[PDB]
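Worksheet for the structure shown next.
Position 1 is the first residue of the sequence; numbering continues from there. FYI, side chains are in, hydrogens and waters are out, and symmetry mates aren't considered; it's all heavy atoms of this structure. Both ligands and their constituent atoms are indexed starting at 1 by order of listing.
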Amino acid sequence: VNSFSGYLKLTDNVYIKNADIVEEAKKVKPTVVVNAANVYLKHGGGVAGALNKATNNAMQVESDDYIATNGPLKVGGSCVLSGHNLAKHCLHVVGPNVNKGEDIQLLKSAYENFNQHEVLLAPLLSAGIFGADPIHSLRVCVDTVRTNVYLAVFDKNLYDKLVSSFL
Ligand SMILES: OC1(CNc2ncnc3[nH]ccc23)CCOCC1
Ligand SMILES: [Cl-]
């Protein structure tokens, strides 16, 4: 039993809700919140910009030190950093950015990072400003993630379409 509330159950391990991931994280304080990161951990917009703003830029400060030490992530890769005031940990996961020409096949590799964590609050990878089809992202999530994932979908209109078309 966990403290996630109001989710629709899609499969044995995948749950979905119309919610602002920032507000969800502040309420639940989950062990792991997933950020929709880029390889530079430049949290300028989308989910990443919103999560960073909620940390008063502390996420960006930590991220800049991480990059200065380690260099960029790989598309499809991830790193675990602090969750600041939002979660115990933040799993920064890089889905492919379609608006950069990146190979959508890497979306499965990106979701595989979730399997290293027993429970996660997460957005749909590569959705929004990363340019992928969210229906496809949800399908890849369900077919790749085996741990317990709670998906926050900000757009109410998009949430209803994902549920109604879910196979
Ligand atoms: O959910 C999508 C990604 N964007 C966010 N998701 C959750 N919480 C958020 N807070 C700020 C941005 C944001 C992906 C599916 O298409 C709709 C947008
Ligand atoms: Cl977005």
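Counting only heavy atoms from C-beta outward, the side chains of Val33 and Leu120 never approach each other to under 4.5 Å.
Residue contacts with ligand 1 leave out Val22, since none of its heavy atoms falls under 4.0 Å from the ligand.
The structure places CG of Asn35 at 7.5 Å from OG of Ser63, a figure rounded to the nearest 0.5 Å. To the nearest 0.5 Å, the span separating NZ on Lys108 from CG on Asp143 amounts to 6.0 Å.
Closest to atom 14 (C) of ligand 1, if we only count protein heavy atoms, is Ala127 CB, 2.8 Å. Summary of contacts: the protein heavy atom closest to atom 1 (O) of ligand 1 is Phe154 N, 3.6 Å.
Counting heavy atoms under 4.0 Å from ligand 1, residue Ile21 touches it through both backbone and side chain. Contact annotation: for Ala50 versus ligand 1, heavy atoms closer than 4.0 Å belong to the side chain alone.
Other residues, nucleotides and ligands contribute at most 12 non-hydrogen atoms within 6.0 Å of the CD atom of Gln116.
Nearest-residue assignment for atom 17 (C) of ligand 1 (options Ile129, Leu124, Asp20, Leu158; heavy-atom criterion): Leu158.
Scanning both residues, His92 and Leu73, for their nearest heavy atoms gives O-CD1, 4.0 Å. The shortest non-hydrogen separation linking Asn13 to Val145 is ND2-O, 2.8 Å.
Against a heavy-atom cut-off of under 4.0 Å, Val47 is close to the following atoms of ligand 1: 3 (C), 4 (N), 5 (C), 6 (N), 7 (C), 9 (C), 12 (C), 13 (C).
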